[PDB]
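Encoded as structure tokens, the structure appears first; notes follow it.
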Amino acid sequence: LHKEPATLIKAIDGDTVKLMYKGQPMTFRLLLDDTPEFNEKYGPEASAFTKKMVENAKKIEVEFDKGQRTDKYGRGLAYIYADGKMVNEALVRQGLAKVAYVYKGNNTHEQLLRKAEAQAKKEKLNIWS
Ligand SMILES: Cc1cn([C@H]2C[C@H](OP(=O)(O)O)[C@@H](COP(=O)(O)O)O2)c(=O)[nH]c1=O
Ligand SMILES: [Ca+2]
């Protein structure tokens, strides 16, 4: 896979963010994550964690996987990096997202994320407390 440039337009919630990609505004949904909705437990914390990660970054990048690049709602489906750190992985490692929505072709980082989930669960972090 390859990392491509983007810039932050606005944080939205734990697993969606609005970025400018190839000069166009797009909402991205983070591959392989399911954060709780803002109105659910750990929802606000997940939104806050992603917001801090993308707002503080000097450089955002998006990385598409091998499969579909947009979902049925027109959201971009990618791995998002903030100063080289993958937000998709970080949310899982901190117990603020579950690994979810693992569809064939878009699962390059599946094993990396499941290893993070196992550690978050062992630590009884957040969702796993
Ligand atoms: C993460 C992701 C979600 N989706 C679709 C499936 C779900 O459809 P439904 O809306 O019919 O439940 C929805 C979940 O996203 P959210 O967790 O943002 O609600 O987005 C994909 O199709 N591909 C994906 O990789
Ligand atoms: Ca969600």
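Labels used: A, B, ... for chains in the order of the structure tokens, numbers from 1 for residues in each chain, and numbers from 1 for ligands as shown.
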
Using only C-alpha atoms and all ligand atoms, what does the table of chain A residues within 12 Å of ligand 1 look like, with each row giving the shortest atom pair and its distance in Å to one decimal, sorted by chain and ascending number, as a Markdown table?
```
| residue | atom | partner | partner_atom_place_in_ligand_line | distance |
| --- | --- | --- | --- | --- |
| A:12 | CA | ligand 1 | 18 (O) | 11.0 |
| A:13 | CA | ligand 1 | 18 (O) | 9.4 |
| A:14 | CA | ligand 1 | 18 (O) | 9.3 |
| A:15 | CA | ligand 1 | 18 (O) | 6.9 |
| A:16 | CA | ligand 1 | 18 (O) | 7.1 |
| A:17 | CA | ligand 1 | 18 (O) | 10.8 |
| A:27 | CA | ligand 1 | 18 (O) | 10.8 |
| A:28 | CA | ligand 1 | 1 (C) | 9.5 |
| A:29 | CA | ligand 1 | 1 (C) | 6.0 |
| A:30 | CA | ligand 1 | 1 (C) | 6.1 |
| A:31 | CA | ligand 1 | 1 (C) | 5.0 |
| A:32 | CA | ligand 1 | 1 (C) | 5.9 |
| A:33 | CA | ligand 1 | 1 (C) | 6.4 |
| A:34 | CA | ligand 1 | 17 (O) | 5.5 |
| A:35 | CA | ligand 1 | 17 (O) | 7.1 |
| A:36 | CA | ligand 1 | 17 (O) | 8.1 |
| A:37 | CA | ligand 1 | 17 (O) | 8.0 |
| A:38 | CA | ligand 1 | 18 (O) | 11.3 |
| A:43 | CA | ligand 1 | 17 (O) | 11.8 |
| A:64 | CA | ligand 1 | 25 (O) | 11.0 |
| A:65 | CA | ligand 1 | 25 (O) | 10.1 |
| A:66 | CA | ligand 1 | 25 (O) | 11.7 |
| A:67 | CA | ligand 1 | 25 (O) | 9.5 |
| A:68 | CA | ligand 1 | 23 (N) | 8.0 |
| A:69 | CA | ligand 1 | 25 (O) | 8.7 |
| A:70 | CA | ligand 1 | 23 (N) | 7.7 |
| A:71 | CA | ligand 1 | 22 (O) | 4.8 |
| A:72 | CA | ligand 1 | 22 (O) | 6.1 |
| A:73 | CA | ligand 1 | 20 (O) | 7.5 |
| A:74 | CA | ligand 1 | 22 (O) | 9.7 |
| A:75 | CA | ligand 1 | 20 (O) | 8.6 |
| A:76 | CA | ligand 1 | 25 (O) | 9.0 |
| A:77 | CA | ligand 1 | 25 (O) | 6.0 |
| A:78 | CA | ligand 1 | 25 (O) | 8.3 |
| A:79 | CA | ligand 1 | 25 (O) | 10.4 |
| A:88 | CA | ligand 1 | 1 (C) | 10.8 |
| A:97 | CA | ligand 1 | 17 (O) | 10.4 |
| A:98 | CA | ligand 1 | 17 (O) | 10.6 |
| A:99 | CA | ligand 1 | 1 (C) | 9.8 |
| A:100 | CA | ligand 1 | 1 (C) | 7.3 |
| A:101 | CA | ligand 1 | 1 (C) | 5.3 |
| A:102 | CA | ligand 1 | 25 (O) | 6.8 |
| A:103 | CA | ligand 1 | 25 (O) | 6.7 |
| A:104 | CA | ligand 1 | 25 (O) | 9.8 |
| A:105 | CA | ligand 1 | 25 (O) | 10.2 |
| A:106 | CA | ligand 1 | 25 (O) | 7.3 |
| A:107 | CA | ligand 1 | 25 (O) | 9.1 |
| A:110 | CA | ligand 1 | 25 (O) | 11.8 |
```

Could the residues in this selection be saved with N, CA and C atoms as a compact mmCIF listing (two decimals), in the first residue's frame?
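Dumped everything to result.txt:
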```txt
# COMPACT_ATOMS: atom_id res chain seq x y z
N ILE A 12 -14.63 14.70 13.11
CA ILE A 12 -16.06 14.44 13.20
C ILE A 12 -16.37 13.57 14.42
N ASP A 13 -15.98 12.30 14.38
CA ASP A 13 -16.14 11.46 15.57
C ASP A 13 -15.04 10.39 15.63
N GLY A 14 -15.27 9.33 16.41
CA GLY A 14 -14.12 8.46 16.69
C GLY A 14 -13.56 7.77 15.45
N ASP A 15 -14.44 7.50 14.48
CA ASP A 15 -13.95 6.74 13.31
C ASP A 15 -14.32 7.37 11.96
N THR A 16 -14.64 8.66 11.98
CA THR A 16 -14.77 9.41 10.72
C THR A 16 -14.09 10.76 10.90
N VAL A 17 -13.57 11.28 9.80
CA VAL A 17 -12.86 12.58 9.83
C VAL A 17 -13.06 13.18 8.45
N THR A 27 -15.39 12.93 3.43
CA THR A 27 -15.42 12.34 4.76
C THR A 27 -14.80 10.96 4.63
N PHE A 28 -13.83 10.66 5.48
CA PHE A 28 -13.23 9.31 5.53
C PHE A 28 -13.75 8.51 6.71
N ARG A 29 -14.07 7.23 6.46
CA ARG A 29 -14.40 6.30 7.51
C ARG A 29 -13.22 5.36 7.67
N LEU A 30 -12.78 5.19 8.89
CA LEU A 30 -11.50 4.46 9.13
C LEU A 30 -11.71 2.98 8.97
N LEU A 31 -10.90 2.38 8.10
CA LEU A 31 -11.02 0.91 7.86
C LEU A 31 -10.76 0.13 9.13
N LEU A 32 -11.51 -0.96 9.28
CA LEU A 32 -11.31 -1.97 10.34
C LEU A 32 -11.64 -1.54 11.76
N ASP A 33 -12.16 -0.31 11.94
CA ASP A 33 -12.51 0.20 13.31
C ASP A 33 -14.01 0.28 13.50
N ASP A 34 -14.46 0.08 14.74
CA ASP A 34 -15.82 0.49 15.12
C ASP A 34 -15.66 1.17 16.45
N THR A 35 -15.79 2.49 16.42
CA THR A 35 -15.87 3.22 17.70
C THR A 35 -17.32 3.32 18.13
N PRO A 36 -17.56 3.48 19.44
CA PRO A 36 -18.94 3.73 19.90
C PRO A 36 -19.44 5.09 19.37
N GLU A 37 -20.73 5.18 19.04
CA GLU A 37 -21.34 6.47 18.68
C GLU A 37 -21.31 7.41 19.87
N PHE A 38 -21.22 8.81 19.42
CA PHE A 38 -20.99 9.82 20.45
C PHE A 38 -21.95 9.65 21.64
N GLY A 43 -18.00 6.72 23.61
CA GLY A 43 -18.16 7.51 22.38
C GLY A 43 -17.47 8.86 22.43
N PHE A 64 -5.13 3.97 1.06
CA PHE A 64 -6.20 3.06 0.65
C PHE A 64 -5.73 1.63 0.67
N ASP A 65 -6.66 0.71 0.85
CA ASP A 65 -6.32 -0.71 0.79
C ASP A 65 -6.58 -1.18 -0.63
N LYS A 66 -6.71 -2.50 -0.83
CA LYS A 66 -6.75 -3.06 -2.20
C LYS A 66 -8.14 -3.13 -2.82
N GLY A 67 -9.13 -2.93 -1.98
CA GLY A 67 -10.52 -3.08 -2.34
C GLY A 67 -11.24 -1.76 -2.54
N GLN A 68 -12.51 -1.75 -2.17
CA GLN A 68 -13.31 -0.57 -2.42
C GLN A 68 -12.82 0.65 -1.66
N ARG A 69 -12.76 1.77 -2.36
CA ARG A 69 -12.21 3.00 -1.75
C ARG A 69 -13.27 3.95 -1.23
N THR A 70 -14.53 3.66 -1.56
CA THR A 70 -15.66 4.43 -1.01
C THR A 70 -16.78 3.48 -0.59
N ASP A 71 -17.46 3.79 0.51
CA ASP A 71 -18.59 3.00 0.89
C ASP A 71 -19.92 3.52 0.30
N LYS A 72 -21.00 2.83 0.62
CA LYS A 72 -22.28 3.16 0.01
C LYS A 72 -22.79 4.57 0.32
N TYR A 73 -22.17 5.24 1.27
CA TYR A 73 -22.58 6.58 1.70
C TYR A 73 -21.67 7.62 1.07
N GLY A 74 -20.70 7.13 0.30
CA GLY A 74 -19.72 8.00 -0.35
C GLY A 74 -18.55 8.41 0.56
N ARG A 75 -18.44 7.74 1.70
CA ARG A 75 -17.29 7.94 2.57
C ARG A 75 -16.06 7.21 2.01
N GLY A 76 -14.90 7.89 2.06
CA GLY A 76 -13.62 7.26 1.70
C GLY A 76 -13.33 6.18 2.73
N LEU A 77 -12.72 5.07 2.30
CA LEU A 77 -12.40 3.95 3.25
C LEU A 77 -10.90 3.86 3.23
N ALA A 78 -10.25 4.29 4.30
CA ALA A 78 -8.78 4.24 4.28
C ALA A 78 -8.21 4.06 5.66
N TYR A 79 -6.90 3.82 5.68
CA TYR A 79 -6.10 3.92 6.92
C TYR A 79 -5.58 5.33 6.99
N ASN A 88 -6.06 4.30 12.96
CA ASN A 88 -6.92 3.07 13.04
C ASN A 88 -6.38 2.08 14.09
N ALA A 97 -11.76 1.53 20.14
CA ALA A 97 -12.48 0.91 18.98
C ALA A 97 -12.32 -0.59 19.07
N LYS A 98 -13.31 -1.30 18.56
CA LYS A 98 -13.18 -2.74 18.30
C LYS A 98 -12.77 -2.95 16.84
N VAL A 99 -12.02 -4.02 16.58
CA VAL A 99 -11.78 -4.44 15.19
C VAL A 99 -13.13 -4.90 14.66
N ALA A 100 -13.48 -4.42 13.46
CA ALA A 100 -14.85 -4.65 12.94
C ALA A 100 -14.87 -4.37 11.44
N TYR A 101 -15.93 -4.83 10.80
CA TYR A 101 -16.12 -4.52 9.38
C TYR A 101 -14.91 -4.96 8.55
N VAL A 102 -14.54 -6.22 8.74
CA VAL A 102 -13.39 -6.78 8.05
C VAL A 102 -13.88 -7.46 6.78
N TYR A 103 -13.74 -6.76 5.67
CA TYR A 103 -14.25 -7.26 4.39
C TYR A 103 -13.06 -7.70 3.52
N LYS A 104 -13.26 -8.76 2.74
CA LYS A 104 -12.12 -9.27 1.93
C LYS A 104 -11.56 -8.25 0.93
N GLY A 105 -10.24 -8.20 0.77
CA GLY A 105 -9.62 -7.11 -0.02
C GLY A 105 -9.29 -5.80 0.67
N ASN A 106 -10.03 -5.49 1.71
CA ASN A 106 -9.73 -4.30 2.52
C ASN A 106 -9.27 -4.68 3.91
N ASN A 107 -8.39 -5.66 4.02
CA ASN A 107 -8.02 -6.15 5.35
C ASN A 107 -6.52 -6.29 5.54
N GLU A 110 -5.39 -6.04 9.11
CA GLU A 110 -6.23 -6.77 10.07
C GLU A 110 -5.43 -7.39 11.22
```

So which bits of chain A end up alpha helix (DSSP H) when you DSSP the backbone, as a PDB file with N, CA and C atoms, in the first residue's frame?
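result_18.pdb written:
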```
ATOM      1  N   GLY A  43     -17.997   6.716  23.609  1.00  0.00           N
ATOM      2  CA  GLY A  43     -18.164   7.508  22.385  1.00  0.00           C
ATOM      3  C   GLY A  43     -17.472   8.859  22.427  1.00  0.00           C
ATOM      4  N   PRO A  44     -17.722   9.632  23.488  1.00  0.00           N
ATOM      5  CA  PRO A  44     -17.085  10.924  23.568  1.00  0.00           C
ATOM      6  C   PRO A  44     -15.568  10.784  23.651  1.00  0.00           C
ATOM      7  N   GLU A  45     -15.081   9.812  24.434  1.00  0.00           N
ATOM      8  CA  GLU A  45     -13.622   9.579  24.572  1.00  0.00           C
ATOM      9  C   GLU A  45     -12.994   9.169  23.255  1.00  0.00           C
ATOM     10  N   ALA A  46     -13.683   8.316  22.518  1.00  0.00           N
ATOM     11  CA  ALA A  46     -13.169   7.953  21.162  1.00  0.00           C
ATOM     12  C   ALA A  46     -13.129   9.171  20.230  1.00  0.00           C
ATOM     13  N   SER A  47     -14.182   9.988  20.249  1.00  0.00           N
ATOM     14  CA  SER A  47     -14.193  11.201  19.395  1.00  0.00           C
ATOM     15  C   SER A  47     -13.043  12.107  19.781  1.00  0.00           C
ATOM     16  N   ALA A  48     -12.847  12.286  21.092  1.00  0.00           N
ATOM     17  CA  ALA A  48     -11.803  13.138  21.619  1.00  0.00           C
ATOM     18  C   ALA A  48     -10.394  12.663  21.260  1.00  0.00           C
ATOM     19  N   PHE A  49     -10.218  11.348  21.279  1.00  0.00           N
ATOM     20  CA  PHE A  49      -8.912  10.753  20.970  1.00  0.00           C
ATOM     21  C   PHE A  49      -8.540  10.946  19.501  1.00  0.00           C
ATOM     22  N   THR A  50      -9.479  10.642  18.616  1.00  0.00           N
ATOM     23  CA  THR A  50      -9.233  10.864  17.178  1.00  0.00           C
ATOM     24  C   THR A  50      -9.021  12.349  16.883  1.00  0.00           C
ATOM     25  N   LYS A  51      -9.867  13.228  17.445  1.00  0.00           N
ATOM     26  CA  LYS A  51      -9.747  14.695  17.288  1.00  0.00           C
ATOM     27  C   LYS A  51      -8.352  15.188  17.681  1.00  0.00           C
ATOM     28  N   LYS A  52      -7.862  14.734  18.833  1.00  0.00           N
ATOM     29  CA  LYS A  52      -6.538  15.187  19.278  1.00  0.00           C
ATOM     30  C   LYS A  52      -5.470  14.715  18.310  1.00  0.00           C
ATOM     31  N   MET A  53      -5.583  13.461  17.889  1.00  0.00           N
ATOM     32  CA  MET A  53      -4.600  12.840  17.024  1.00  0.00           C
ATOM     33  C   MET A  53      -4.525  13.565  15.702  1.00  0.00           C
ATOM     34  N   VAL A  54      -5.666  13.870  15.093  1.00  0.00           N
ATOM     35  CA  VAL A  54      -5.598  14.539  13.783  1.00  0.00           C
ATOM     36  C   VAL A  54      -5.320  16.032  13.887  1.00  0.00           C
ATOM     37  N   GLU A  55      -5.859  16.711  14.911  1.00  0.00           N
ATOM     38  CA  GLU A  55      -5.621  18.151  15.041  1.00  0.00           C
ATOM     39  C   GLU A  55      -4.168  18.476  15.377  1.00  0.00           C
ATOM     40  N   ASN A  56      -3.495  17.589  16.108  1.00  0.00           N
ATOM     41  CA  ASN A  56      -2.115  17.859  16.544  1.00  0.00           C
ATOM     42  C   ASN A  56      -1.090  17.490  15.480  1.00  0.00           C
ATOM     43  N   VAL A  87      -3.926   6.057  12.994  1.00  0.00           N
ATOM     44  CA  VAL A  87      -5.052   6.318  13.901  1.00  0.00           C
ATOM     45  C   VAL A  87      -5.861   5.036  14.058  1.00  0.00           C
ATOM     46  N   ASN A  88      -6.063   4.303  12.963  1.00  0.00           N
ATOM     47  CA  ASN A  88      -6.916   3.071  13.039  1.00  0.00           C
ATOM     48  C   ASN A  88      -6.378   2.084  14.089  1.00  0.00           C
ATOM     49  N   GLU A  89      -5.061   1.985  14.156  1.00  0.00           N
ATOM     50  CA  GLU A  89      -4.442   1.076  15.070  1.00  0.00           C
ATOM     51  C   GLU A  89      -4.462   1.649  16.483  1.00  0.00           C
ATOM     52  N   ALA A  90      -4.130   2.927  16.589  1.00  0.00           N
ATOM     53  CA  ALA A  90      -4.086   3.561  17.912  1.00  0.00           C
ATOM     54  C   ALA A  90      -5.404   3.478  18.669  1.00  0.00           C
ATOM     55  N   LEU A  91      -6.515   3.681  17.969  1.00  0.00           N
ATOM     56  CA  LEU A  91      -7.844   3.632  18.612  1.00  0.00           C
ATOM     57  C   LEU A  91      -8.023   2.243  19.198  1.00  0.00           C
ATOM     58  N   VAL A  92      -7.670   1.216  18.434  1.00  0.00           N
ATOM     59  CA  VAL A  92      -7.825  -0.184  18.943  1.00  0.00           C
ATOM     60  C   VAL A  92      -6.905  -0.438  20.131  1.00  0.00           C
ATOM     61  N   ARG A  93      -5.651   0.022  20.020  1.00  0.00           N
ATOM     62  CA  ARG A  93      -4.662  -0.274  21.080  1.00  0.00           C
ATOM     63  C   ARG A  93      -5.113   0.352  22.391  1.00  0.00           C
ATOM     64  N   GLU A 110      -5.395  -6.035   9.109  1.00  0.00           N
ATOM     65  CA  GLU A 110      -6.233  -6.768  10.073  1.00  0.00           C
ATOM     66  C   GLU A 110      -5.428  -7.392  11.215  1.00  0.00           C
ATOM     67  N   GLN A 111      -4.355  -8.105  10.881  1.00  0.00           N
ATOM     68  CA  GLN A 111      -3.644  -8.784  11.933  1.00  0.00           C
ATOM     69  C   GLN A 111      -2.935  -7.785  12.873  1.00  0.00           C
ATOM     70  N   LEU A 112      -2.431  -6.695  12.334  1.00  0.00           N
ATOM     71  CA  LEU A 112      -1.831  -5.629  13.164  1.00  0.00           C
ATOM     72  C   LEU A 112      -2.868  -5.102  14.174  1.00  0.00           C
ATOM     73  N   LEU A 113      -4.077  -4.789  13.681  1.00  0.00           N
ATOM     74  CA  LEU A 113      -5.130  -4.334  14.596  1.00  0.00           C
ATOM     75  C   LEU A 113      -5.586  -5.400  15.598  1.00  0.00           C
ATOM     76  N   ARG A 114      -5.739  -6.657  15.181  1.00  0.00           N
ATOM     77  CA  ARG A 114      -6.165  -7.672  16.156  1.00  0.00           C
ATOM     78  C   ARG A 114      -5.115  -7.871  17.248  1.00  0.00           C
ATOM     79  N   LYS A 115      -3.837  -7.671  16.910  1.00  0.00           N
ATOM     80  CA  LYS A 115      -2.809  -7.805  17.927  1.00  0.00           C
ATOM     81  C   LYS A 115      -2.952  -6.638  18.930  1.00  0.00           C
ATOM     82  N   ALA A 116      -3.216  -5.445  18.420  1.00  0.00           N
ATOM     83  CA  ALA A 116      -3.512  -4.301  19.332  1.00  0.00           C
ATOM     84  C   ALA A 116      -4.733  -4.500  20.190  1.00  0.00           C
ATOM     85  N   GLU A 117      -5.787  -5.065  19.609  1.00  0.00           N
ATOM     86  CA  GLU A 117      -6.979  -5.346  20.418  1.00  0.00           C
ATOM     87  C   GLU A 117      -6.695  -6.342  21.554  1.00  0.00           C
ATOM     88  N   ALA A 118      -5.897  -7.359  21.271  1.00  0.00           N
ATOM     89  CA  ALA A 118      -5.593  -8.345  22.278  1.00  0.00           C
ATOM     90  C   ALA A 118      -4.875  -7.668  23.431  1.00  0.00           C
ATOM     91  N   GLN A 119      -3.973  -6.737  23.117  1.00  0.00           N
ATOM     92  CA  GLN A 119      -3.251  -6.049  24.187  1.00  0.00           C
ATOM     93  C   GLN A 119      -4.173  -5.123  24.973  1.00  0.00           C
ATOM     94  N   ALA A 120      -5.017  -4.363  24.276  1.00  0.00           N
ATOM     95  CA  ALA A 120      -5.982  -3.518  24.981  1.00  0.00           C
ATOM     96  C   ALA A 120      -6.902  -4.315  25.874  1.00  0.00           C
ATOM     97  N   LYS A 121      -7.314  -5.486  25.400  1.00  0.00           N
ATOM     98  CA  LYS A 121      -8.174  -6.338  26.219  1.00  0.00           C
ATOM     99  C   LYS A 121      -7.425  -6.890  27.437  1.00  0.00           C
ATOM    100  N   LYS A 122      -6.162  -7.283  27.238  1.00  0.00           N
ATOM    101  CA  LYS A 122      -5.336  -7.820  28.359  1.00  0.00           C
ATOM    102  C   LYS A 122      -5.170  -6.753  29.424  1.00  0.00           C
TER     103      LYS A 122
END
```

query = Quick one, how far is CA of residue 123 in chain A from CA of residue 85 in chain A?
reply = 20.8 Å

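Proximity of A:108, A:39, A:126, A:94 to ligand 2, computed with only C-alpha atoms and all ligand atoms, is greatest for A:39.
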